[PDB]
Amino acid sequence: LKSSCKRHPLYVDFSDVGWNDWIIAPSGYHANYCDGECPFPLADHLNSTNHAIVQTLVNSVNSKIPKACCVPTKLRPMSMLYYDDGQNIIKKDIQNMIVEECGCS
């Protein structure tokens, strides 16, 4: 019996992932992450897709098929200053960088 799917805090420092050279600003950001099991009773707020519900049921009677996985169901952009290949500074909103909600999919 492991914990259930939800949203956890995660600060990513760009230097820890070898990205601080091509990324000028910020030094890092709060990406968050989703972790936890997807068990039936899928909590109504597990944000489960219909297929997640089916697959979870199937796993119970057939563990060859995995349970649904706790993944981001909604993400947010984050503003970034970074080099192009010409070493010119670029301001840009990178899509799908910050987790807003998690759910079993």
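We number the residues from 1 along the sequence you see.
Annotation for 93-101 versus 80-88: the higher mean temperature factor (C-alpha) is found in 80-88. In this entry, the higher average B-factor at the C-alpha atoms falls on 32-40, of the pair 32-40 and 67-75. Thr49 sits in the middle third of its chain by CA B factor, as recorded in the PDB entry.
Remark: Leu10 belongs to the middle third of its chain, ranked by C-alpha B-factor as recorded. For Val61, the recorded CA B-factor ranks within the highest third of the chain. Only modelled residues enter the ranking.
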